[PDB]
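Below you'll find only one chain, the form deposited in one PDB entry, shown as structure tokens.
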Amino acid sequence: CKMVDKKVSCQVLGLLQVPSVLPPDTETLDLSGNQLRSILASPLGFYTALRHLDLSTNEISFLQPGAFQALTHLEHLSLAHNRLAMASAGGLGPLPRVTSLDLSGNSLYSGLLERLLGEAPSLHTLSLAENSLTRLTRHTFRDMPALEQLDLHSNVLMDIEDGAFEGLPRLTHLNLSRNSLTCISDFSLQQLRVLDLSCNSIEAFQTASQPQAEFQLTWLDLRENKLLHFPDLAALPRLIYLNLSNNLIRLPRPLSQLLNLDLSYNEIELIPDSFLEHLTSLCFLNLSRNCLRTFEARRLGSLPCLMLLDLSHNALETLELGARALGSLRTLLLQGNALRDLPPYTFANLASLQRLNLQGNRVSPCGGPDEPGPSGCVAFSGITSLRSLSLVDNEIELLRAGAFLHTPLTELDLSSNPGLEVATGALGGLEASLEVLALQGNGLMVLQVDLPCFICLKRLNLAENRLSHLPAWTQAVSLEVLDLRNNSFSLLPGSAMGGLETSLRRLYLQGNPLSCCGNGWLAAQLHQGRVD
């Protein structure tokens, strides 16, 4: 047994009884992991200076009725993962100075607690997780008015009679996740602040009416349940977080302070007009994996504060966003929908947009301000704030010239658009700012864009395009990664690939038909420190 300063450590294994050869001035004492089977008052009472006592993971099953009342200076006591459920006799008595008590993993049951645990004036935290409780009666928690936190997850609770929390006037955290509750009929805990009811079977949720003072609740979690309607939360004016993901909700000031609302994986199909009007302060909103077909924000000044909107994997077909609306939006995710034809100036009215993801739709970009394209194309010509764009798998046949003329974006992605042909000057304007470019899987014969002018380009991806010849670098460009796998490169002259050695870091060729003749530069690179 190690000792340092009024503290004793007893190791993982090797004991069957409480030791007695310890100094009598100890103040901490650890015994987890051993093979203890009971706690008798005699050896333990010698240590009247204890303040912390850990007895978890043993096999303790019997506690002498007076064992813990000799210790008058405790503050913490842990008895987790023992076998207390086999204990008529035994139990804990008064515990005046205790402030924490852990009883999780013991397999207790309803009715045993009122005899197991006695008085506790100074308790602040109590943990009863991972037991076999089923019902909370008016008699359960008694004589503990300083309790503040109560952890009851991973039980089997089905009932909560009225008054079970009346003896707790200072509680502020309640945790009832992973239980078996089915219907909630009332809510009257004025002073509570955090409530966690996730992973249950709750079908309906309703709160009280006409309180003396407003409820203080500010954090509510009801994800992964069976709710069928958006709950009525008119009496909770302080709420800041709310999470209703993975339910069955269908849609048909209360929420003037909500800042986070998650509403994914439900069965919503149409959004009433007045619903979005109340949410004045919202900053994040997810509506992914629902069944919407349109989204409207026509009214000017609606959603003033929103910074993220998520609509992926719905079935949208049009977007009626009006100008001077969504003026703060920065991220807009729309992948997996069926958008085809849009008004030309849809995305150019968003004043702060910075990241757009359009993968999997069938959008065809415009052709620059000068000589635009046909009707129904979308204009990416002048979105001054945009910084990232994704157009994977949109079946783009033709990429017109000047498509991104006045958008100083720093990342593009055009992969998996077979039969793509890039008109000359299509990528004009991006030389000064573009950093990443991907064209994998397109299959184009020859690349018309003049790469060596791209000063800032760092990563480039050209895999699975069936190229055979590549333009020539003749300076110290900033490129650092280059991918050419599964192309048709046979010979790599050192003339065209000079100047890249100043900055190149890694590189790939596997899958190409390299020729044994020549290729001295490639051999030199393989000799050098460049990866592969």
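One rule holds for the numbers: they count along the sequence shown, beginning at 1. Take the two forms, superpose them, and find the largest set of C-alpha atoms that agree within 1.5 Å; that set is the rigid core.
- According to the record, 1 to 3 deposited residues between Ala87 and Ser88 are left without atomic coordinates.
- Going from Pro252 to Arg253, you skip over 10 or more residues of the deposited sequence that the entry leaves unmodelled.
One more form of this protein, deposited in another entry, exists but is not displayed; see below.
- Taking the core as reference between the shown form and the other one, the lone member of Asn155, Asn337, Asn290, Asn106 whose Cα moves by 2 Å or more is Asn290.
- In this overlay on the rigid core, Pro513 has a C-alpha that sits less than 2 Å away from its partner position between the shown form and the other one.
- With a cut-off of 2 Å and the rigid core superposed, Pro418 has a Cα displacement that falls short of the cut-off between the shown form and the other one.
- In the core-superposed comparison between the shown form and the other one, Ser38 has its Cα shifted by less than 2 Å.
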